[PDB]
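When a residue number appears, it is its place in the shown sequence, counting from 1. All ligand and atom numbering here is 1-based and tracks the order in the structure. FYI, side chains are in, hydrogens and waters are out, and symmetry mates aren't considered; it's all heavy atoms of this structure.
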Amino acid sequence: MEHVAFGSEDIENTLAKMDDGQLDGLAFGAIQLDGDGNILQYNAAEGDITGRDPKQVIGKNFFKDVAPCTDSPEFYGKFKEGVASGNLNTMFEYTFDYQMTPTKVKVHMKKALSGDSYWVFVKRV
Ligand SMILES: *C(=O)/C=C/c1ccc(O)cc1
């Protein structure tokens, strides 16, 4: 594995510029989105939680295409407010339920260190 804990205070420094292969070594799901919600990175742990194939979802829009159940004030709303402000660091539980067995997760969205990039970290609860 890669030795990084969900919710660590400096997680954006540790994961910075991690390539796809190292991201697959994390204990929790990790998605990287651009400012519009398009998927830039998506690791194996997340695919194990949600059933999505990490290589097929890259390039899709998370909120419009892959995860409509997050198209809501409580998830996408928080994401888009953080993007617009250039600051994002929010943790909350949520239920993923689009075309899947409803799965309760803890979500941590945090602005990446690099440019037009935002992390969505996920673990089961
Ligand atoms: C609800 O539509 C959520 C769907 C979803 C969440 C997270 C993923 O990695 C994939 C699909």
Side-chain angles (χ1 to χ4, degrees):
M1 291 229 295
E2 196 87 24
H3 262 61
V4 188
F6 182 98
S8 54
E9 54 170 335
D10 292 325
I11 190 169
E12 72 274 25
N13 290 68
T14 308
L15 265 61
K17 305 175 149 64
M18 252 188 207
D19 56 28
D20 288 351
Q22 309 162 283
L23 219 66
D24 285 343
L26 295 172
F28 49 87
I31 306 162
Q32 195 179 61
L33 306 178
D34 70 13
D36 289 336
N38 299 307
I39 300 170
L40 307 176
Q41 286 189 290
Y42 194 111
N43 76 344
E46 180 69 8
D48 293 348
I49 292 168
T50 68
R52 277 60 178 186
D53 189 318
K55 264 312 167 280
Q56 299 208 27
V57 291
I58 289 161
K60 299 181 179 176
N61 191 277
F62 186 77
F63 300 109
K64 183 168 69 59
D65 308 316
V66 171
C69 81
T70 70
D71 183 359
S72 75
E74 281 304 287
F75 195 134
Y76 183 28
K78 295 179 169 180
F79 177 85
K80 71 110 188 207
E81 290 300 67
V83 172
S85 88
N87 311 310
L88 179 61
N89 179 16
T90 183
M91 188 181 303
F92 56 92
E93 293 183 359
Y94 209 80
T95 294
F96 293 162
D97 62 2
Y98 180 65
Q99 299 290 61
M100 64 199 290
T101 292
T103 306
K104 185 131 198 119
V105 297
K106 189 180 302 194
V107 179
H108 185 198
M109 292 189 303
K110 195 161 189 189
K111 180 155 188 303
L113 280 181
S114 66
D116 174 46
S117 290
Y118 303 86
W119 295 105
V120 180
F121 303 120
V122 178
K123 68 168 181 170
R124 290 162 300 147
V125 301

Determine the interplanar angle of the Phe121 and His108 rings, folded into 0 to 90°, and report it as parallel if under 30°, tilted if 30 to 60°, perpendicular if over 60°.
-> tilted

Indicate the ring-plane relationship of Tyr118 and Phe79, choosing parallel, tilted or perpendicular according to the 30° and 60° boundaries.
-> perpendicular

Give a yes or no on whether the ring-centroid distance for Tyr76 and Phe62 is below 6.0 angstrom.
-> no

Contacts of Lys55 that satisfy salt bridge (charged side-chain N to carboxylate O under 4.0 Å, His left out) - sequence neighbours left out | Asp20

For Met109, the option from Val122, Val83, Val120 that meets side chain to side chain contact (heavy atoms under 4.5 Å, CB included) | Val120

Should the pair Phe63 and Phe75 be assigned to parallel (<30°), tilted (30 to 60°) or perpendicular (>60°) ring geometry?
-> perpendicular

Give me the pairs of N or O atoms, one from ligand 1 and one from the protein, that sit under 3.5 Å apart.
{"residue": "ligand 1", "atom": "2 (O)", "partner": "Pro68", "partner atom": "N", "Å": "3.4"}
{"residue": "ligand 1", "atom": "2 (O)", "partner": "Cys69", "partner atom": "N", "Å": "2.8"}
{"residue": "ligand 1", "atom": "9 (O)", "partner": "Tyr42", "partner atom": "OH", "Å": "2.5"}
{"residue": "ligand 1", "atom": "9 (O)", "partner": "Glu46", "partner atom": "OE2", "Å": "2.5"}

